[PDB]
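What follows is one structure encoded as structure tokens, with my remarks underneath.
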Amino acid sequence: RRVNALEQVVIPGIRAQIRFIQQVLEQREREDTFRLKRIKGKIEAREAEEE
Amino acid sequence: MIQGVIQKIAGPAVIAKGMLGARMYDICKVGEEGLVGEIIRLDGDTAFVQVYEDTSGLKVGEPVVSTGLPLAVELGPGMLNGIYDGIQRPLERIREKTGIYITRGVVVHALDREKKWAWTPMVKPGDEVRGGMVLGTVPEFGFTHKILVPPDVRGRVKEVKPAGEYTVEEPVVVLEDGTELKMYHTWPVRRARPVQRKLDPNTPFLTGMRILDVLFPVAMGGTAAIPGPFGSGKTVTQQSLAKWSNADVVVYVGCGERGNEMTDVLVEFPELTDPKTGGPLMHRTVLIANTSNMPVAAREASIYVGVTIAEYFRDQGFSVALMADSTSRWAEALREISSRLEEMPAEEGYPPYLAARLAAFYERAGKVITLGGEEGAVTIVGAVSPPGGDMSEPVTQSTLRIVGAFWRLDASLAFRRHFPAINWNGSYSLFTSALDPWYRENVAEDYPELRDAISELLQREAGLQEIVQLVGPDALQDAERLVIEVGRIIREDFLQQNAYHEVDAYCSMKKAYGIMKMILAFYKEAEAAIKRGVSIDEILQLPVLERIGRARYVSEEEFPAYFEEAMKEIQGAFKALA
Amino acid sequence: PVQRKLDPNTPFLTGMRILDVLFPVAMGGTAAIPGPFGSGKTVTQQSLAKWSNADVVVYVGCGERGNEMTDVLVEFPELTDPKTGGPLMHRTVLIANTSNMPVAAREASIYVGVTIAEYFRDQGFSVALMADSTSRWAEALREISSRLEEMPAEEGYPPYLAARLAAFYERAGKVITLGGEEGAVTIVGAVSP
Amino acid sequence: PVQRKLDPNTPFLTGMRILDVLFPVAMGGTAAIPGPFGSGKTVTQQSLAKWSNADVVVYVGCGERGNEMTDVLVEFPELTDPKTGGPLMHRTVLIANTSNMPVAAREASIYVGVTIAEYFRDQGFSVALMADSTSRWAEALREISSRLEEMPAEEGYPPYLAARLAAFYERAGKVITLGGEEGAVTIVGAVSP
Amino acid sequence: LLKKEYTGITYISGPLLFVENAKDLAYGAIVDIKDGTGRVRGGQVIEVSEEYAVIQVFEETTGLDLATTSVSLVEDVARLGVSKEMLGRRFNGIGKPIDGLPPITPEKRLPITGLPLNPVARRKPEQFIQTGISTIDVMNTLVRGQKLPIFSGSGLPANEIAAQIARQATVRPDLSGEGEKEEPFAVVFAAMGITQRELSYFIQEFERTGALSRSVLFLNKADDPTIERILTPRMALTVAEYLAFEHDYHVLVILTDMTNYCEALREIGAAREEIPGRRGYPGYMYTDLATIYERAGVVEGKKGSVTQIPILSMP
Amino acid sequence: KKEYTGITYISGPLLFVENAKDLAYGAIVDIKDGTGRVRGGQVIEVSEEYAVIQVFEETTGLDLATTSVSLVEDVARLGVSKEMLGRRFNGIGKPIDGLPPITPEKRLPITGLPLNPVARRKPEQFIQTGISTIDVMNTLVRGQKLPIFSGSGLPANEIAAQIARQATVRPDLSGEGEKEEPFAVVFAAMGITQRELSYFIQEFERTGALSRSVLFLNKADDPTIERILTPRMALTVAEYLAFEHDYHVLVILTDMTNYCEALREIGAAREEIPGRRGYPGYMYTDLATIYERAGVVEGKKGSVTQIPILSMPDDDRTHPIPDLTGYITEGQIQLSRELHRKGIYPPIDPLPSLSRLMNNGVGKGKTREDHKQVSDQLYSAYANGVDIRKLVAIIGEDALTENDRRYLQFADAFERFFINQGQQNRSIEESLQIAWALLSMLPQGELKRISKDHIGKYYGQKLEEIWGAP
Ligand SMILES: Nc1ncnc2c1ncn2[C@@H]1O[C@H](COP(=O)(O)OP(=O)(O)OP(=O)(O)O)[C@@H](O)[C@H]1O
Ligand SMILES: Nc1ncnc2c1ncn2[C@@H]1O[C@H](COP(=O)(O)OP(=O)(O)OP(=O)(O)O)[C@@H](O)[C@H]1O
Ligand SMILES: Nc1ncnc2c1ncn2[C@@H]1O[C@H](COP(=O)(O)OP(=O)(O)O)[C@@H](O)[C@H]1O
Ligand SMILES: [Mg+2]
Ligand SMILES: [Mg+2]
Ligand SMILES: [Mg+2]
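Chains G, B, C, A, E and D supply the protein sequences, listed in that same order.
Mapped onto PDB author numbering, the consecutive letters of the first sequence carry residue numbers 159 to 209.
Mapped onto PDB author numbering, the consecutive letters of the second sequence carry residue numbers 1 to 578.
Mapped onto PDB author numbering, the consecutive letters of the third sequence carry residue numbers 194 to 386.
Mapped onto PDB author numbering, the consecutive letters of the fourth sequence carry residue numbers 194 to 386.
Mapped onto PDB author numbering, the consecutive letters of the fifth sequence carry residue numbers 3 to 317.
Mapped onto PDB author numbering, the consecutive letters of the sixth sequence carry residue numbers 5 to 474.
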């Protein structure tokens, strides 16, 4: 009974939690990449363009 | 073509001004040395190029000269028995003039310009020609290389050169409009070569591995994928397919390999022999080698050059097998190239167009009717290396959507030294029904029934695993013990295969069919003896079990006598019992 | 404008046992009903529209299916008002903006519905306002802010998302009108995470 | 400048059993104590300042509470020096820059404290330097970098953050002074992730 | 008819190119791009301003330059020519026949985006469709005017189920009592991201039984340009709506794989360069999917109907 | 000679100089100010109107009125010689031992030229490092790239110093006896502290191993560009010695994590967009230009062997730096925290360790012929023992059979004697003798993986013969 409970209950839950955390971290990385792109685009907008 | 000057250098990106008239994705020669690059952005009078090599030492004001053509490959005689990089440069001819290193800016030609070829024209003046037909033949090793008119060229023949010894640069046929046709032509690697019609595959791609061609076969012209963790046996299986396949021409592509692992294949291959004619193995193969230290542009375009060469050899009526080793390391090169372009990466860091490129690579295979009226085929087998062994990687899931076979490798069998470590539960093949008519005319009329019986016997053992996990095998009933022992017999006598053995490395269809027949006959006799009623311990003691075990290691032309003796030996041993 | 706001002390009878007994809502309160797809938000809101004791019901279909709107358009005239005996459609105001309609009109539908609900409150009636989905309004705000090249806060939403939701939900409550009578507005909004 | 560095071969006694036994720190070594809020970094550092065998203790409150500085200013004059017998405040130098103080002065306080500690090292003493939090220094560097319109590192910090932290921790050690004596500086830093 | 060409190309990068003096190009217009070699590509205006107009290219920009390139206008709104003779034909998801037959002669030209239906003009669905599957027809019966997707997996046989439903679908008027007269039934089969083997399987399955005589096929392959995958379901829905609401047909629309459509939409959405959504997919994907699914239903005062069965594989 | 005074912008590690179109990309420049102090710099961007220069060290004394810039060299070059053996350098070639600078026989670019794949040959000879867990089970072959994975508190520096102090070749076991082979060790340290510097100097100078070694040492407070350039100088020296004087060299990189962090800082300072987890997207290419410079070349007698050392940031093997390293190298050696906390040194755990090129360098004609089967048997027996040990804790020692007790005693004796060798220096014969003595605890015939001839020849030696010096 203990073996069946461990093999059918706890491991899929832990795996799903790991998957959720990985997705959240990946989304945060994508957002910070977008922010870095925007601030670089603002950097080039003044020094290389204005008089 | 358009010539300009260097305006700004910021690493691998060079801005060249005065390049009005240049086209996108053209090849440019940057600087005085002549470094190559690709135009990736046109803006007014300036163009953005990306140099492949190192840009250290360059100065502002150096000339930039464009070539006017995208990345292309020279297709013609002299590609067989050749070693190339990712951008089709002969490594042997580079070493003869440079040394042990590869200096930047070295210039070589893909096809040798000083070797004489025997020319035999087939057309005559006054004929009307179109793209894809045959103008003549050229003897190359064991093959007759056909000279094909380029696909986009049509016209009327004006003058034909007579027979003799000519180089590849001699214009053999000149058309009425002034166009000159030579022994070679150039084709962009990103454009698929057109054909007339695609056909359904109906012939098996024989591999020499028992489980591959028996349980999960692949038709000639299909696609297969072999993923697995580290140490599973991907490279050994791929080079076994290179050595023992029944394909006419083999193209081996290595992207981002390690130096010593590339050296292993580059050394062992000249020592091998062709299984068909007995000549050298390298006379039928084209090698593309890229270790980790050539630039990322040559590593990324390695698979398209190989598939273009395979498509060119398909248009001559041959049957070509293409093996791409570790496409997961091509995905890394693609990811790096996309990272240098700031292209907003998708999940797991890969660009969103990875699936499109993977589909574009894998959909060039198939059996077609060529523009010359002949039948050709290209078979692609790709190896995938997941990072942690999980098949949820985007590369693995993208490859799973389009391939017709899936030879999954398991790390559990690799730990127990069970080779090839192919999980037969997790594998599948979508070509069994198509090749079912072919099996019953060339091997035996009852081969599919034998294969289904073997698969059913393997499936029955897997349903008993929860029984042997609680109690020991000896505690089981005799009926279940029989299927357990016959499953062990199958696993250790049919699925197991040694790639480094003298005779076990190659196995034909009839030998495997005879082994399956012997196993099923033993199972039937044991079931009958159980039905009369004997102890299972006496059955397992029988010395005919040794004959089935040693049936793997008997050579090819001694097998029929061995099988004939064993077929009656099983019966003779089983009648001499209670 | 209003004169004063009062403490709600009379229940909003929804006609559903679990909502009316275990987790009651008052005559001037606000409620939220989140859940995944196919859980029962629309059925609960339509049952509240059919069976509640509110005088006037305002239904806002912000970015939802059009078949759910045709259902209300067809079946409601056949039914009966629980407290007057007339047709059920005679006390119902419908604001519809389906999912294939322009995105920018989702916010305007919510504001129009809440303004109409406040207008009916000033005459002394008790009004129940139901929003089919407040997530589509947030999606519209996200799209508008993306067109304005603004800096997103979390998951692409503008940083002022909470202010709009606070301003929308604060319009409900039992008040003493400028005319001197008593009126109340209840808001039950559904969230689709 | 110094004349020659020396190998560490003498322990720095702190008075805490676990730190003195299981995870020792040399007289010229460096240590770091990170943890969440309420875990006991300030109590441990104050116990180290009270009970260590160092001749001179320099305490740097980079961006922290002023109540802790009031605690140190009040309690220390009534305590006894372990190796002298006089008041404990006669061997201690405090540099205080609280959280409500201007942000740009957080960077200067660390350098002032380490310069004073190096000055007391040149006279042949053994000096213990305590940094209340270098995370406040990193946050100040991030705050100043926003006004310069730079492209930052992983979590918004400037790319030169790892150089400043390395240059700060390399000032510790047991040396031979230019005057021929021998002194050492030990640095204990706290991190607030 | 006269044609106008613009040669003011000033900037080419990635999928985009800028045209200088294109003030008369309407927003969302369809253009074609001709290079020096004579090859013609396609594009769409995604932003038009006073200084320049932004046109994204449907395919790769290889071979384009700033001198010989010219841009011309094809039509302000993308349209498709439809006819009643399209039953029994196969198309590539863009309008080009692939069966080798001569092209059809259009009777009307309809925009592929369509228009939203008035909720007042709708009516409630009240009649069922027999599909030949007991688990569907008894427990979860399909209603004329419903959109009922099928959630599948990687190794599950979704294609065989789609083929069986396309073959066995019918409407039975004898169980309604409204007379046993013929109610015309048609099937629109849209497939995108489909490999060559699946294409051959679908063609053979439709040809063997004879169900091709009442069906229109739009087939998009994996190696095709990613814009044809986006435009594939809209053309099929336009044809289905035309047939149902102008010829009293009871049509059935089957979309083979929405996952490939979402992948193509994510690939296209990188040109606009906006903040991504939950897992890299665009944040407007709900509206884009709603513009497809919400085109089915029934209309008061009309006899026809449109029914959709999307199919997707859950990752 | 020519000096540029058109400075227009100074901020952080960057300065712009106008009218400098004559400077080549990647050049080295000297920055001079009014106080006479001279700093170094490198050109990272050249344009038609100004050039961008990244400056080593801080920029405290610079101003826009008195600063001038002069050119030093177009390409960063190093002067190599055979007299560099026995010397120490600071990572850019400047000596730090007080000895006069060396006279160069040649000047070479520190950037590497890729080797021709058709010019290499398969490695076939082993290196005796003096450690049983490496010599026996994870054999290092001349021309292999075998990294070492360590943690935060694990003693990787001690292992590196011991390997560099005990490394040697054994020509008496290869073929017929061969001839004398020169051997050298190139040591590169990146981002080390003063304590590690003193430990390395004391370890190298106390045994005479300095006479055959070259040291490139970079401190933590040194500029990061010197940390970037540190391994390339060492690899240039190794390539010169191996392929111009027939030396068998061994290269040790002490910390590649510091190199990766310095690369990240340089990429961030040059305004580039990072890739996965904040690291630059070209880190796979940059790391490949360092690892793939090792190997052996057909037609030459010398060889280059690399032993990179890197620390996993949080004991995670899915981190990009350990993940990309395994994509290039030929295996790994993993240290264990559990063995370290039990007092076992060196704490090498053989269960996850793996050497890919082991089979080529062992067998008949090169070391003893029973090597492979003995290693496999030891691995299998240890794998059984580590499971019997945890079964004991639940079911007790008296609930097992006798052979499980033998396996448990084998595992304990293995951990006590084979792995825990201390500061000894063991030859391959001594390690094989100890391995065969450990296999005598197991019953005869239980060793399935070994043939009967080797069992007949070698089984039967008592373990207590090592009791003279265990
Ligand atoms: N109280 C109920 N009694 C009976 N059936 C119910 C009840 N609530 C829900 N259902 C059933 O469940 C279905 C849920 O549909 P509903 O429109 O309420 O979902 P939803 O939560 O609004 O989802 P979506 O976000 O997809 O619009 C109903 O169509 C009905 O079949
Ligand atoms: N050694 C100790 N003995 C007894 N109590 C202790 C000890 N260390 C900590 N505490 C208790 O735990 C509390 C932790 O507060 P403290 O000021 O040490 O937090 P901190 O870790 O420095 O946090 P912050 O990051 O917020 O400054 C102390 O106020 C005290 O009550
Ligand atoms: N068919 C086989 N017969 C014998 N040994 C095999 C077989 N397949 C794999 N192996 C062993 O497994 C190992 C697998 O390594 P390799 O195939 O080179 O890399 P990977 O499996 O990681 O792609 C090889 O060292 C080889 O000795
Ligand atoms: Mg491999
Ligand atoms: Mg709903
Ligand atoms: Mg504190």
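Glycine included, each C-beta is placed from N, C-alpha and C at the ideal position.
- For A/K234, the CB falls within less than 6 angstroms of some heavy atom of ligand 2.
- Boundaries for D/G279: no alpha helix (DSSP H) harbours it, and the DSSP string shows neither H nor E there.
- Runs of the alpha helix (DSSP H) lying entirely within the segment 146–216 of chain B, each at least 4 residues long, are 210–214 in chain order.
- Within the segment 249–266 of chain E, those residues whose Cβ lies closer than 8 angstroms to any Cβ of chain B are, in chain order, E265.
- Comparing alpha-carbon positions, the option among D/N142, D/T234, D/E109 and D/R146 lying closest to D/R125 turns out to be D/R146.
- Residue state for E/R81 is assigned as strand, using DSSP reduced to three classes.
- Taken in chain order, the members of the segment 193–205 of chain G whose beta-carbon sits within less than 8 angstroms of a beta-carbon on chain D are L194, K195, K198 and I201.
- Excluding its 5 nearest sequence neighbours in each direction, B/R197 has C-beta neighbours in its own chain below 6 angstroms: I369, listed in chain order.
- Secondary-structure assignment with DSSP links E/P113 through a beta bridge to E/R81.
- Sixteen is the threshold: since fewer than 16 other Cβ atoms of the shown chains lie within 10 Å of the Cβ of C/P295, the residue is exposed.
- Annotation: A/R258 to A/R210 spans about 28 angstroms, alpha carbon to alpha carbon.
- Taking 7 angstroms as the CB threshold, D/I277 lines the interface with chain G.
- Between A/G366 and chain D, the shortest Cβ-Cβ separation is below 7 angstroms.
- Contact check for C/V253 and C/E311: beta-carbon distance about 13 angstroms, past the 8 angstroms limit, so the pair fails to qualify.
- For D/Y54, the closest alpha carbon among the candidates D/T63, D/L451 and D/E22 is that of D/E22.
- The beta carbon of B/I454 sits closer than 6 angstroms to those of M516, all from its chain and outside the five residues before and after it, given in chain order.
- Excluding five sequence positions before and after E/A165, the CB atoms of its chain that fall closer than 6 angstroms to its own CB belong to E207, given in chain order.
- Taking a Cβ-Cβ threshold of 8 angstroms, the residues of chain G close to B/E347 are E184, in chain order.
- For G/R173, not one C-beta of chain E is nearer than 7 angstroms to its own C-beta.
- Residue-level contact check: C/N202 does not touch chain E, since none of the beta carbons of chain E fall below 7 angstroms from its beta carbon.
- If you draw a straight line from the Cα of B/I83 to the Cα of B/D26, it is about 25 angstroms long.
- Taking C-alpha positions only, B/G222 is separated from D/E180 by approximately 53 angstroms.
- When B/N498, B/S535 and B/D504 are compared, the shortest CA-CA separation from B/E480 is found for B/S535.
- Residue-level contact by beta carbon holds for E/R124 and chain C, with a gap shorter than 7 angstroms.
- Using a cutoff of 6 angstroms, the CB of A/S385 counts as near ligand 2, since one of the ligand's heavy atoms is closer than that.
- Residues of the segment 315–335 of chain C with a Cβ closer than 7 angstroms to any Cβ of chain E, in chain order: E332 and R335.
- Judged by DSSP secondary structure, B/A324 falls within the beta strand (DSSP E) whose first and last residues are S319 to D325.
- Here D/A188 carries a strand assignment [DSSP, helix/strand/coil].
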